[PDB]
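Architecture at a glance
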Amino acid sequence: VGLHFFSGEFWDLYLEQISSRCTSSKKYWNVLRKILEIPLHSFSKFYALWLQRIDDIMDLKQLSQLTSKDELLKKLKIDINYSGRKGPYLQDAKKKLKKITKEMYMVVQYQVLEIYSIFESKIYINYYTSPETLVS
Amino acid sequence: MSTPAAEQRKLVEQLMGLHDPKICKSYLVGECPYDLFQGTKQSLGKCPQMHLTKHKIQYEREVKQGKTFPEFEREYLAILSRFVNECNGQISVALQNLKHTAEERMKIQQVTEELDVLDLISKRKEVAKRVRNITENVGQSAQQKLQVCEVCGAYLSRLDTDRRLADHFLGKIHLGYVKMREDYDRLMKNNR
Amino acid sequence: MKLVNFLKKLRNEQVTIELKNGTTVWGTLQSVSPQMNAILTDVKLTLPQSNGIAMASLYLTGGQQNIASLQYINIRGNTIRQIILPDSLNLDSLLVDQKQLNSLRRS
Amino acid sequence: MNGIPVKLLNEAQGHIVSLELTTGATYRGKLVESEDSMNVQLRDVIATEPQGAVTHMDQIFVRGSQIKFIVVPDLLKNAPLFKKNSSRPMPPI
Amino acid sequence: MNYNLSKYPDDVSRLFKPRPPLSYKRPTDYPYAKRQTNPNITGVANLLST
Amino acid sequence: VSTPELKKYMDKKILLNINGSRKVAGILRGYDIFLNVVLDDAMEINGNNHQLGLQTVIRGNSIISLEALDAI
Amino acid sequence: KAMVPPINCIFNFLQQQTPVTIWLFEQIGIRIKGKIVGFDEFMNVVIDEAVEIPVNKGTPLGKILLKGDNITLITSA
Amino acid sequence: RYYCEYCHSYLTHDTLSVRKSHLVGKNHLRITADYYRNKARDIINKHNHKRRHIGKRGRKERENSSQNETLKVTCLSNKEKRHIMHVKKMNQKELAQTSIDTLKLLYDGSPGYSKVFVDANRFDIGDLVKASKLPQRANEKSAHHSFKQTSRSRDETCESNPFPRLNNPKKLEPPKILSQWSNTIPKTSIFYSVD
Amino acid sequence: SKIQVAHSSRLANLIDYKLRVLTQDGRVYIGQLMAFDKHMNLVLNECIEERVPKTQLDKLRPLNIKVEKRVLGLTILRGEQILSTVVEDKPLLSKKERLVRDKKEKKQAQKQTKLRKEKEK
Amino acid sequence: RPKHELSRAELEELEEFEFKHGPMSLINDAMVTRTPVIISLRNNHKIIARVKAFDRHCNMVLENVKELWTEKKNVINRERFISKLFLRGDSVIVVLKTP
RNA sequence: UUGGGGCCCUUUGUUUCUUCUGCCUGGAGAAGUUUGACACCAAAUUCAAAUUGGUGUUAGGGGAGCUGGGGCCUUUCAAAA
RNA sequence: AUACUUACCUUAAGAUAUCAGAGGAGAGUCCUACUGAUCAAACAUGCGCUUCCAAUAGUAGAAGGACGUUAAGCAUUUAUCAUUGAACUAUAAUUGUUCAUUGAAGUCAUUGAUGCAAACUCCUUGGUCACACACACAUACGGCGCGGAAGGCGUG
RNA sequence: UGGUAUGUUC
């Protein structure tokens, strides 16, 4: 049922249970990275959690929590073990990850906006009334 | 006590003819007024007669099937009448204090100065002056806004809601005094 | 006339303690509460020839590698079954009971 | 007199706590009103017997001597009972 | 977990989201039905004889 | 020292558990500062049924907890 | 009705002199039947005409001062 | 004697009836809630950074790192970083306080809306709602609000409101978007929507 | 575990140490103490409760032992069903840093009393 | 008489009077006539030893302890000679004095 | 005062004592510091604003003066071989 | 914030280390900026003392875990009783075999539980420090650098 | 000789 359009409460509860039970801080990143590709109705809360968790990073070594190191070295041309002045290095990391998140946000925003403005803004009843009811 | 075993020993030592002055007759019948006002602000101190649970159980077993004693009931009636007379005197003193507060010198002077200026168009002006005098009297009465409790003789309020009033009625003083009024009314209904 | 004050005069005494669980504790005394909550240092404890609860209590204290060597153990009063003192100590001088002597002089 | 742990147990009234009994049954629920003798009352209680099964009581009241431990929430990590040098603002005469 | 009896506001209650429930496992000791000391302790008359 | 707060259990059916299984369901008539429980119309419940007289008093040492069987 | 404390409950149970079933500790312990004649603050209950029956052939016992730390439950048989 | 560590108020000999009434009064509630909020805010806001360990780096790492490039550091003034961190703090607290409430307003005309979603006829936690009403012993707290209660009882059946479209519903809320990335919305819609 | 616990310390001096307290069952609680009393009721921060199973007990009887660990967080344990307590791990900050922190707490408490005296006037 | 209402700081004299003329007549006779007693404990540890001191908690100091227990598997008796012992009154089942 | 070389800038609010200006072609400038000041939370007063209750910070290094203590050397007095 | 009403309560005590001697106060008790000894606390202080403090001449590793993955890894073990009907082994409250009506509770879990075993990844901690990439030792090792963390002993 | 909490008016 995890691909439901109005499943914001389910995924908020599941991320709450991961953030409360898990102590490794790895499964939360994985599930939220999965949510950043799913066309949900209440989706911008998960993007806001993603953007404030990128802001809540502490060092470069947590970038392996996002992806693998070879995908960072090939696609973003960035190394984890690059030692030196890591201030603007981490700032450029945040800017490039914010650009990738913004592009995927445009994709998911176009999908959700299309589904809402064409289809989901018309259906007013989503429940089982009775065998005697009438639907317009 | 600091240990509960000494408390249980105290309960045993106070739990374990019958017409003797040591037995409190108001407690032998039930609901002694020196017991219903033990630790409150209206406390009478300490009862000089002793209270016992075994004598109370024997009196309950006697009044269940055996017999009844009218002398202890008459003594409890006299004690309840004396306490009701003292509480009625306290309520009359509270009513006299409320009447003196409603009839103060400066308040009556301000009311007379407002009524001296209170005197079709003249009738409308007199009605407006009477409404202004009623508003001034309501503002003077709202400085305290303390009523008189009809049963327990305490102070109440009219603008106060029913929840704080219900918190007022559930006290030791009010429950004890309503029980004493019920006992006094029952004894006056039995005697008359 | 509590004999915990007798154990309060037994600082730096190298004793053993058999507990109610069955564990023998060899170590030096540091201090003892008046409620007989005794602390010990330079400790080795052993469960002799069984009680699986006592074996769990023996192993799950860190420092096993069934003699378990531990640096500092506090022992509660109700878990103490008996305590064996060294025979070289003179019991006639440590049991003088100066509080009892002052109580007898106050009479 | 009372001490710090009974004041901490009286501190977390109206919060989701988890008890364990001496038999092995673990309770979990909202603490109604704790006492100095630790005879504590819980509400919306979920219970786990030592046999293993899980049940639900509405309003439990356990005696203090049959309690292994109880878990308070983590925001009571920082409490003024834990302060060592908190002075006392003029106790009354 | 959603609606509470608590006198505290919702901003306090979001700070008072409690711990997850405890993972139960099988006990190790004997139950309180079996908790007792040793029976059949013999008399001390054999020590006074031999 | 302190009287336990059993005032809410005044006229409600409770179920005491005794020591691992003895579930005595009764009606609480009174208590003390020792958690000694007075029960009217007691009933032993086993996982069968057994009646325990009209009134009974139960020692607080064997009492572990009590379930409020009736709504408050 | 009202509140009945356990000390007054045992006191009324003493006055009425009903037949008494006194329970005790678990499987080692043995259920006793008798009639109460005296008690105290540590619940050391004195009973008379005592017949003991083990947990599921009773033997008479006489008069017994049963101590407090083993008393579990008191019923009126 | 008893001393409240929160309210900094003393007391007489320790009575349970006085101590129970002390934890109900509104001043103790305000001081306790503010103290818990400030201690939680302090343990969140305390940036316990790691103690840095700088070693004498290798030679070839120095010839590789000092020849690749030199990056540019961005930095802002005091009022700019203060305003940005204040906006980030209000965004973090409004994300910590919010929750998705689409299932409550999306099943509003359901026949079992008065048995689960009403949160007062609930079975397991409805007695907790019916127990502590905060009984408003002040008359001003009861005389302040003059709106309707709209308390939906459990006994509401399917006979009431048979057709959910004739009784005027609400159009559902649009999917909210981030205001910092609102400039990339498709400005041209697919279909013509009026009003 | 080469910690070298203090040779003349008591419960007032062992505070904020990562204890490894043993009970009658053997359910070992590991965590920092923050308070005690006369009955030795110990609050335990970030506590974990470890046991051994019944199947592991046969291997423990005369190597690796798979203990069962549950996480309790901040708990408050009673002094009745406990047997012994030891010191397992030292805390984070040192004795001099705790001394500077205690001096800062004393100065802050004196400043708070001066603020209460200023507000009382 | 209630314990809390007797007196202040004179309860030790009543405790000594109960020691001389109460149930403590056997622990007093063993420490003044140095006779060996047999204490049976709550875990089959029977102790033959002489009494050195008396306590309100029956905490007893024993000298020249000969203790004996029985392991039941099969049936063996294991004994041990301990010079000095401080026995807690919790473990004591019974104390027998020989004439 | 200038210039060169080496390291660090995670100080992630780019020094974190605070406020203001301001920064990677740089690492800065001005003011203040325990009956005070700074930042924040919560609220009813129907924007903002103002009032009340609390929370946390007021730091680190070096130098002149004073003082306590530890070790070595020198001068003088008393005592024992 | 002032003024007033109401609800509850109005307090277990004694003392602040021990021993010996001298003096004072009308056998017993109290005091001495009285004297000697022991012990405790605080602040300094030293013992060629005891333990620990992570490469950078590389892309590592020490301690504690994962409430992380491979992993539904491999090997084992359980997943309700009673009455009756059509046959029935049968000392049981027909237990055993196939099918069903009915009766009381009826942990979820069998991708479960226990044992065994390897690999990978990620978290918290440090002096990631000052000189040098060096020929010492039976009295087995020049512990004779600046410190920090824990502890022992000794002195004021 | 007092404390805690609550409700009105300025």
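Residues numbered from 1 in each chain as written, not as in the entry; some residues may be left out. Chains lettered and ligands numbered in written order. Part of a larger assembly, values for the part shown. Heavy atoms only, no water. Residues with missing side-chain atoms left out of burial classes, pairs and counts.

By the method listed in its record, cryo-EM, this PDB entry was determined to a resolution of 5.9 Å.

The next subject is the overall build of chain B. On a plain count of helices and strands, chain B comes out with eight helices and two strands. Counting helices and strands in the order they occur from the N terminus, chain B gives α-α-α-α-α-α-β-β-α-α. Taking 16 Å as the expected radius of gyration for a compact globule of 192 residues, we find that chain B reaches 26 Å, considerably beyond that expectation. For chain B, the C-alpha atoms occupy an extent of roughly 85 × 50 × 30 Å along the three principal directions. (Helix = DSSP H or I, 4+ residues; strand = E, 2+ residues; numbered from the N terminus. Rg over C-alpha atoms; globule rule 2.2 N^0.38 Å.)

As a further point, take the overall build of chain J. On a plain count of helices and strands, chain J comes out with two helices and five strands. Written out in order from the N terminus, the α and β elements of chain J read α-α-β-β-β-β-β. A compact globule built from 99 residues would reach a C-alpha radius of gyration of about 13 Å, whereas chain J, at 16 Å, exceeds it by more than 25%. With the principal axes as the frame, chain J shows a C-alpha extent of 55 × 30 × 20 Å.

This next bit is on the interface of chain C and chain J. Each side of the interface is counted separately: chain C has eight residues, and chain J has seven residues. Counted by class, the side of chain C that touches chain J contains five nonpolar, one polar and two charged residues. Sheet topology places strand 5 (residues 80-84) of chain C next to strand 4 (residues 75-87) of chain J; two bridges connect them, and they run antiparallel. Within strand 4 of chain J, the position partnered with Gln82(C) by the bridge is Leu87(J). (Contact = heavy atoms within 4.5 Å. Nonpolar A, V, L, I, M, F, W, Y, C, P; charged D, E, K, R; others polar. Pairing = 2+ DSSP bridges.)

This next bit is on the arrangement of the chains. Between all 15 pairs of chains that are in contact, chains F and G come out with the most contacts. Note that chain E does not reach chain G: the shortest distance linking a C-alpha of one to a C-alpha of the other is 7 Å. At their nearest point, the C-alpha atoms of chain C and chain H are still 26 Å apart, with no contact between the two.

This brings us to the interface of chain F and chain G. Counting residues at the interface gives 14 residues for chain F, matched by eleven residues for chain G. Put simply, the parts of the chain that give the side of chain F that touches chain G at least two residues each are strand 2 (22-30) and strand 5 (55-58) of chain F. For the side of chain F that touches chain G, a count of residues per class yields six nonpolar, five polar and three charged. Relative to strand 5 (residues 73-76) of chain G, strand 5 of chain F runs antiparallel, the two sharing three bridges. By the bridge assignment for strand 5 of chain G, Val57(F) is matched with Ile74(G).

Relative to strand 4 of chain J, strand 3 (residues 60-72) of chain J runs antiparallel, the two sharing twelve bridges. Bridge pairing in strand 4 of chain J places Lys72(J) opposite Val75(J).

Take the pairing of strand 3 (residues 38-46) of chain C next. All names here are of chain C. With seven bridges joining them, strand 2 (residues 24-32) and strand 3 adopt antiparallel strand pairing. Pairing of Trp 26 across the sheet is with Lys 44, part of strand 3. In this structure, the hairpin formed by strand 2 and strand 3 is closed by a connection of five residues, where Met 36 is found at a positive phi of approximately 65°. Pairing analysis gives seven bridges linking strand 3 to strand 4 (residues 68-75), with the strands arranged antiparallel. By the bridge assignment, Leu 45 is partnered in strand 4 with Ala 68.

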